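Trainee: Quick one: structure below, then a few questions.
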Amino acid sequence: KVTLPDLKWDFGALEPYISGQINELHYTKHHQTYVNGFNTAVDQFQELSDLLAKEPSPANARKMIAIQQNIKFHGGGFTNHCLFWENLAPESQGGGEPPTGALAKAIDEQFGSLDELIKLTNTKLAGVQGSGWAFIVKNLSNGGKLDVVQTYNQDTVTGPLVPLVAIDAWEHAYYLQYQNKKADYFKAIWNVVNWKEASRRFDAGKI
Amino acid sequence: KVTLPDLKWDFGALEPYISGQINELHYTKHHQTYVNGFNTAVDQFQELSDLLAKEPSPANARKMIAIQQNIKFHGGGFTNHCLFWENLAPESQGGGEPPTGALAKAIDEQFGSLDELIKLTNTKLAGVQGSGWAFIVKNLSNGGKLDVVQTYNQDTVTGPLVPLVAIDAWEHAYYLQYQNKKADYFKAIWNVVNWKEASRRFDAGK
Amino acid sequence: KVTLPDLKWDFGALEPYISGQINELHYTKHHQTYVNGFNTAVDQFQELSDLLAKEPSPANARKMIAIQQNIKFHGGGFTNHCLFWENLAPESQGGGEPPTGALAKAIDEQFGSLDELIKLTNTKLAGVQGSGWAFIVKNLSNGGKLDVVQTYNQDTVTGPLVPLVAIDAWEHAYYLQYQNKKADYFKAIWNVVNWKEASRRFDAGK
Amino acid sequence: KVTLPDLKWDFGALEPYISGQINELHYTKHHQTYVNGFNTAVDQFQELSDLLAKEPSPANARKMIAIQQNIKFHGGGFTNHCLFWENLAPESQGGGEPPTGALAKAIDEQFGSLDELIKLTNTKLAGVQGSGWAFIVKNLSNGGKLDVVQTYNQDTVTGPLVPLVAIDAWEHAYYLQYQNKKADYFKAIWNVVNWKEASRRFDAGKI
Ligand SMILES: [Mn+2]
Ligand SMILES: [Mn+2]
Ligand SMILES: [Mn+2]
Ligand SMILES: [Mn+2]
Ligand code: NA
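In order, the protein sequence lines correspond to chains D, A, C and B.
Those letters in the first sequence? Residues 1 to 207, by the deposited numbering.
Those letters in the second sequence? Residues 1 to 206, by the deposited numbering.
Those letters in the third sequence? Residues 1 to 206, by the deposited numbering.
Those letters in the fourth sequence? Residues 1 to 207, by the deposited numbering.
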């Protein structure tokens, strides 16, 4: 049974880059909904699995097929937002300070500088044509190389792709403050990105 | 735990429209693969579910998300092929005979004729740009109306959509016999379509 | 070269159901974005088509493929919003009044009532897990039957699926006013749906 | 107007890894079909594009949206198969011989060995749940790092993702010889992969 995680900061702590009113809605409404949806979907599948064991019909298999969409969507919603809060921090807790160590080294070697990586990421965020996410990732299958990937809806990066920084591009993540001006939001959010958490994820090679 | 279903006919019973060499591989290899994949996926779900209970972390959620794909794909593969075998039959069991009853009436009212419905379906089949299926369906949400829908890969029709006739458009369904000539396969298969089974599905809405 | 269509109503005309603030942003910003993107994409096609003619390489084919996403997305955004404004109207223009004629008959015959069709549509709207649309459509390929279709992002209904009512489920369509309570928005919008335009679309079959 | 490309080898030249029967059908039927489809779709779009100039209506935009699906699919079909033939060669023409130069250096640095890259690719190919492709690519956006990407149907890798080796995982690519044993096909094809063409693409950073 999953639960809304504790936040490391107060709702209004990322102002002026992200408003407290957005954070409160985003966390108490949107994230809680994925929490509830995920627990419900997992419950429903456990129930369908028990039904399939006694009556392994295509009819019942068809029912399982129907709920896995909810497992994926709500599971992703749960996961992506958890990652999101943990890679945000107020300036007082180091938000917006550049990474150090191995991650900083890989960033410079692959993209030239942190500024270029961020510009690439903002291009990707702007390129999400619908709801979705951009993730700075470490790819474990090609020697641990950095990349920036987009996902849609609540799809997430799995397998060898370890998320280092997740940035939410759903309209609910910025609309009350930025309205249509999503590029202003993408630029502003880096001021409160927690690159210490990114570095920790990079070093661990897991989340 | 699912298994391959009983067939109502022998592998060679659909000759010459669908070769026995195809049916044998199709059932004993391809369908068996979805059976095994689905059973594995459901087992793995059960294991991840216990893991999630012990540690409900994003990491473990991530693992669960990863296997949903296989549940969907192999579950669809299992379900779609079960449908397929049940709506195929040799002529000796009524394959290729036109439907009667309420289904026949609905077909004529909506499409003009069975011939016109079949042509529409062959157009949908030819329009699958990849691996996939066409389904003639009854839509329970809009008053029980017939439609033809395409799916890709092992996606299937769910919700208010009741499959009446499933036709496999994956290349493995025809390649040994027809190779690139998929339209020849789409045309030939209607000689062994079991419309009695479609009519039963239509009447039951299940 | 496309442009924003003229609106038949002032930005604040759909209050209280849809905020004038939302309509103004939705039209002057969001719809404009799609107009700009589509014009840009069609210009690029034109340039790449000429390039491909002179040099029909896989390299240039690859470039042509790369712009198709923009054509589809912005083309969809352009088209869907045009449909949307045309099927909305203030109560003073007859918004929210039930359809009549053939459409009204088809709705009663297939769904039982207008309320049942609306209920089904709201279910499809709530079912969009991401950004998207629901369309009440008339299907030209199954004898002209009504159905409700979900799309994601700016995907739209084409070919035999004729849109009668388009409803936007992107968060920018409701968030300033309803925030997370999208179900409240889906319920409210029917008060300003232009069923007269829906009936016109149904009769024209385009 | 695109045309079927010239092949560098005879239909039967890749036996016994891929039969002459397959190559003949694959090239003269399947590839040709995408050639014809792509030419048709581009002509149709040009036609609608000219109409849209005079009638810039939602109706006409809707018609163009329908056609872009065919441009993408047949365009991809044309492109992927052109890449495919160019990265296959008989053993007499160097097929199956390991890459050298910068490409070989990047492979060992990122994957450990060619064999590890090949195994990863075979895992990706087996993971295509439907029709599709695997590509070994050079990613120009992350400092030119190698990766392996899956696509479905005739989707392809565009922009910063430069295809180095394309491997076809559609059933028509192997069924007549391998039937359901696709893993055997994925394993065998490397014996006739042209790594010299892969190296040229890697060096040029384009196709
Ligand atoms: Mn969010
Ligand atoms: Mn099959
Ligand atoms: Mn909109
Ligand atoms: Mn092929
Ligand atoms: Na509100």
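Every residue gets a Cβ at the ideal spot worked out from N, C-alpha and C, and that includes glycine.
Would you say the beta carbon of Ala173/C is closer than 7 Å to some non-hydrogen atom of ligand 3?
Mentor: Within the cutoff, so yes.
Trainee: Does chain A have any CB closer than 8 Å to the CB of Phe111/C?
Mentor: Taking Cβ atoms only, chain A reaches closer than 8 Å to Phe111/C, which makes this a yes.
Trainee: Got a sec: is the Cβ-Cβ distance from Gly143/D to anything in chain B below 8 Å?
Mentor: It does; some Cβ of chain B falls within 8 Å.
Trainee: Got a sec? Which residues, its chain only, sit under 7 Å from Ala188/D by beta carbon, not counting five neighbours each side?
Mentor: Answer for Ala188/D: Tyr17, listed in chain order.
Trainee: Output the residue ranges of the beta strand (DSSP E) runs that lie fully inside the segment 125-185 of chain C and measure 3 residues or longer, sorted by chain position.
Mentor: Here the runs fully enclosed are 132-139, 145-152, 161-168.
Trainee: Just the C-alpha distance for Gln129/C and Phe186/C, rounded to the nearest angstrom, thanks.
Mentor: Roughly 14 Å between the two C-alpha positions.
Trainee: Is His74/A near ligand 2, judged by its Cβ being under 7 Å from some heavy atom?
Mentor: Not so, every heavy atom of ligand 2 lies at least 7 Å from the Cβ.
Trainee: So, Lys196/B versus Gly76/B, is the Cβ gap smaller than 8 Å?
Mentor: Against a cut-off of 8 Å, the Cβ pair of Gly76/B and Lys196/B comes out as no contact.
Trainee: Can you confirm whether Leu120/B, when its beta carbon is compared against all beta carbons of chain A, has any partner nearer than 8 Å?
Mentor: With 8 Å as the cut-off, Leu120/B does not count as an interface residue toward chain A.
Trainee: Whose C-alpha, out of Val157/A, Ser131/A, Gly101/A, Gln150/A, is nearest the C-alpha of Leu140/A?
Mentor: Of the listed residues, the one whose Cα sits closest to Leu140/A is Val157/A.
Trainee: Cβ closer than 7 Å: which chain A residues qualify as neighbours of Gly76/D?
Mentor: Ordered by position in chain A, the residues that pass the 7 Å Cβ test against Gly76/D are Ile65.
Trainee: Could you name each continuous alpha helix (DSSP H) segment of 4 residues or more that falls completely within the segment 22-76 of chain A, going from the start of the chain to the end?
Mentor: Listed in chain order, they are 32-54.
Trainee: Hey, how far is the Cα of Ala53/A from the Cα of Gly96/D?
Mentor: Whole-angstrom Cα-Cα distance: 35 Å.
Trainee: What are the residues that DSSP puts in a beta bridge with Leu88/B?
Mentor: According to DSSP, which records beta bridges pairwise, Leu88/B is partnered with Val193/B.
Trainee: Looking at chain D, which residues of the segment 77-91 of chain A have a Cβ within less than 8 Å of any of its Cβ atoms?
Mentor: Per Cβ criterion, the list reads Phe78, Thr79, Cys82, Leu83.
Trainee: What residues of chain B sit near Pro56/C, judged by a beta carbon separation below 8 Å?
Mentor: Within chain B, the residues near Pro56/C are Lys1, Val2, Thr3.
Trainee: Whole angstroms are fine: how far does the CA of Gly127/A sit from the CA of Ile65/B?
Mentor: Roughly 16 Å between the two C-alpha positions.
Trainee: Rounded to the nearest angstrom, what separates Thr33/B and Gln154/B at their Cα positions?
Mentor: Approximately 13 Å between the Cα atoms of the pair.
Trainee: Which same chain residues, not among the five before or five after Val162/C, have their C-beta less than 7 Å away from its C-beta?
Mentor: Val137, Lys138, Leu140, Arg201, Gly205, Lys206, listed in sequence order.
Trainee: Let me check you understand the geometry: is the CB of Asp168/D closer than 7 Å to at least one non-hydrogen atom of ligand 1?
Mentor: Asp168/D Cβ: within cutoff of ligand 1.
Trainee: From which residue to which residue does the alpha helix (DSSP H) around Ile207/B run?
Mentor: Here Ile207/B belongs to no alpha helix (DSSP H), and DSSP marks it neither H nor E.
Trainee: Of all the CB atoms in chain B, is at least one closer than 8 Å to the CB of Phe45/A?
Mentor: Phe45/A does not count as touching chain B.
Trainee: Distance cutoff 8 Å, beta carbons only. Does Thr156/B sit that close to anything in chain C?
Mentor: It does: the Cβ of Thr156/B has a partner Cβ on chain C nearer than 8 Å.
Trainee: Please confirm whether any heavy atom of ligand 1 lies closer than 7 Å to the CB of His26/A.
Mentor: No.
Trainee: Ligand 5 and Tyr178/C: does the residue's C-beta get closer than 7 Å to at least one heavy atom of that ligand?
Mentor: Checking every heavy atom of ligand 5 against the Cβ of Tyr178/C, one is found closer than 7 Å.
Trainee: Please classify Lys105/C: is it buried, with 16 or more other beta-carbons within 10 angstroms of its beta-carbon, or exposed?
Mentor: Looking at its Cβ environment, which holds fewer than 16 other Cβ atoms inside 10 Å, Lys105/C is exposed.
Trainee: Measure the alpha-carbon distance for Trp85/B versus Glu171/B and round it to whole angstroms.
Mentor: Approximately 17 Å between the Cα atoms of the pair.
Trainee: Rounded to whole angstroms, how far is the Cβ of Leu117/B from the Cβ of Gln21/B, which I believe are closer than 8 Å?
Mentor: So it is not a contact: roughly 30 Å between Cβ atoms.
Trainee: Ligand 5 heavy atoms versus the CB of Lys181/C: any closer than 7 Å?
Mentor: Because some heavy atom of ligand 5 lies under 7 Å away, the Cβ of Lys181/C counts as near it: yes.
Trainee: Which residue from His26/B, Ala59/B, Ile67/B, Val35/B puts its Cα closest to that of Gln46/B?
Mentor: Checked all of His26/B, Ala59/B, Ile67/B, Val35/B; the closest Cα to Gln46/B is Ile67/B.
Trainee: Can you give me the start and stop residues for the alpha helix (DSSP H) that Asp108/B sits inside?
Mentor: 101-111 is the span of the alpha helix (DSSP H), which, as asked, contains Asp108/B.
Trainee: How would you label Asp147/C, buried or exposed, when you count the other beta carbons within 10 angstroms and need 16 or more for buried?
Mentor: Classification for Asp147/C: buried.
Trainee: Could you name the residues of the same chain whose beta carbon sits closer than 8 Å to that of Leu103/B, not counting the 5 residues immediately before and after it, in chain order?
Mentor: Within the same chain, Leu103/B has close Cβ partners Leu164, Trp195, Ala198, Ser199, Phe202, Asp203.
Trainee: Assign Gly12/C to one of three DSSP states: helix, strand, or coil.
Mentor: It is helical.
Trainee: Using a Cβ cut-off of 8 Å, pull out every chain A residue sitting near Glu171/B, in sequence order please.
Mentor: The contacting residues are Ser131, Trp170, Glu171, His172, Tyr175.
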